[PDB]
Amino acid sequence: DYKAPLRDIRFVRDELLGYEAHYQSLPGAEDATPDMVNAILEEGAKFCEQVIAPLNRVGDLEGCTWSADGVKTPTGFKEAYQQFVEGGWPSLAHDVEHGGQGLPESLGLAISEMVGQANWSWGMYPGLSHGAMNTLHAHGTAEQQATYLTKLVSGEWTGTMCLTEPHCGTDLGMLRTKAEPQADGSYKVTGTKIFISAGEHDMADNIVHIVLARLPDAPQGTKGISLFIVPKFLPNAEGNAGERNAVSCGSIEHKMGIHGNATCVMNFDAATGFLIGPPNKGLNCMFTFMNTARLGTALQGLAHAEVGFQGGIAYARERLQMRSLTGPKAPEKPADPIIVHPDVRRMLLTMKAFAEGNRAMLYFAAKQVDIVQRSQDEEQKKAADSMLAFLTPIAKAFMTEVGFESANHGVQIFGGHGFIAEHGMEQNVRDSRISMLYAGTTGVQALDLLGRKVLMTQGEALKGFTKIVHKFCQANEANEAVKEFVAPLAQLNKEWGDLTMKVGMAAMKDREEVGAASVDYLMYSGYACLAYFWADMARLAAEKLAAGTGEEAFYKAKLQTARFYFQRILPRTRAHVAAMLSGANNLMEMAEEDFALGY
């Protein structure tokens, strides 16, 4: 019943963002031809629709089962992973040198989009493995790549990111897991990691943990953390799973959602590990993995909006309840389908505006990934790296926050039926809630965007995007079809720079102003990004209608969604502006001991 949104994915990639010319321009991509790409997307869609989407409810109902022996995944999960590996999917967007198919990361990301929608909990197993692959590719030695990266690329082994300890998630500088150097050049790793997604499971031949730990007499805090490869089974002479390493799962968590993804307490009992990247540069190297996880979680945010929408539109066309305010629209039936109600249309259009808008932002970001990986033009590469660094926190926090809202609109359309397990809409909400907590909380994303990406680059990262918006407004300010979008967009674009300058000035007078403005500044930024993408989709829709498309309704719907976004969602920016400019004192003046005097 999940259906992949292939027509919209093709609209965004090929029509909006010129993917054919993009792939034509990039080393290694010249063979990623439209017919090959469309066949790969279609095969991806079928796997998602036929194999893993039917396992989504099973994953939530059964969850994972711990024994000291290991962790059992839900019925069908491991069989589906066997089919995924047999179909070659893990190798799709990885280097030919390491057993990969060599296709662009942005094509892999489209498969990931559909996987995350069909079964997010299932998709975490291969998804975390992609982060581990990216880390080994960027920082691994030749031998670490020959041993571990080839096995991850085939899908035979999976990978995990091991950061969190009981006392620290955001504050990695406090981690205490220790790496004791051995004469043989290896390390013995001792410590307890918690909330390790896919830490233990029954789906693969080995698990490759990528682990943050401290060398003896390393500096205090983040300047003292190093990165280690700690496999569940140590490689044998033939490079296959060998001696059991001293890594074991103590327990799995009982959670609100993503039950199908084992959330593991992992005990490292002087486990053998291998240093990856330079000593004391573990944070820098682990950021390869963390940035993969942030873009992947943004895709999770998109997934919850998409699933919300799919459920909501089906129910709104089928469920009859009350009558239209302008007279019975189905007078032959006992009641009208509830899509006749304006408030139901508001909730449908909200989910649609966020799913379709975020899809545009995601594939825009995916083009930057391809440029950084493949371009020979140092200037093009620098610009793409700056744009990706800017969009990563916006995509993660904004898409997750509005994806949870969208999941909740999906429930709301079902009325009381939305609270019932059988329909899947409440699971979509429960699975969505972790998306704003893991991979860097919304607040951490917001500090990254405003502190590190915007204020610490003198706004150069922001200027990259506002230049695009400015050029779009200059080009479209007298275009009759979209001049209604350009006027507010140009006002917003000017305001975005002015706000940034006002927030920066406040931060110079009081550093608390960075945290005080951060989440409003990020949400404002995401709304502004989608104003640009909606205005551009409206521009493209009007062009296609003028050209005499045979898909008139598809493009007319884009113009309706764009107008709904600008008139009913974008005005949320007015509240983020007022809040962010209101100043840190209204947050910081209350004494800690005075917050709870009503008892």
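Throughout, we count residues from 1 along the sequence that is shown.
- prompt: Between 503-511 and 429-437, which has the higher average C-alpha B-factor in the PDB entry?
  reply: So the stretch with the higher mean C-alpha B-factor is 503-511.
query: Comparing 37-45 with 556-564, which stretch shows the greater average C-alpha B-factor in the deposited entry?
result: Comparing 37-45 with 556-564, the higher mean C-alpha B-factor belongs to 37-45.
- prompt: Out of 186, 525, 350, 445, which one has a C-alpha B factor higher than all the others in the entry?
  reply: Within the set 186, 525, 350, 445, 186 shows the top C-alpha B-factor.
task: From the list 319, 345, 201, 255, select the residue with the highest C-alpha B factor recorded in the entry.
output: Out of 319, 345, 201, 255, the record gives the largest C-alpha B-factor to 319.
task: Name the third of the chain's ranked CA B-factors that contains residue 409, choosing lowest, middle or highest.
output: For residue 409, whose C-alpha B-factor we compare with every modelled residue in the chain, the answer is the lowest third.
message: Please place residue 488 in the lowest, middle or highest third of its chain according to the CA B-factor in the PDB entry.
response: Residue 488: CA B-factor falls in the middle third of its chain.
task: Could you look up the Cα B-factor of residue 75 in the entry and say which third of the chain it sits in: lowest, middle or highest?
output: Within its chain, residue 75 is a middle-third residue by C-alpha B-factor, going by the deposited values.
- prompt: What third of the chain, by the recorded C-alpha B-factor, contains residue 304?
  reply: Residue 304: CA B-factor falls in the lowest third of its chain.
query: Should residue 336 be placed in the lowest, middle or highest third of its chain by the C-alpha B factor in the entry?
result: Answer is highest: the recorded C-alpha B-factor places it there.
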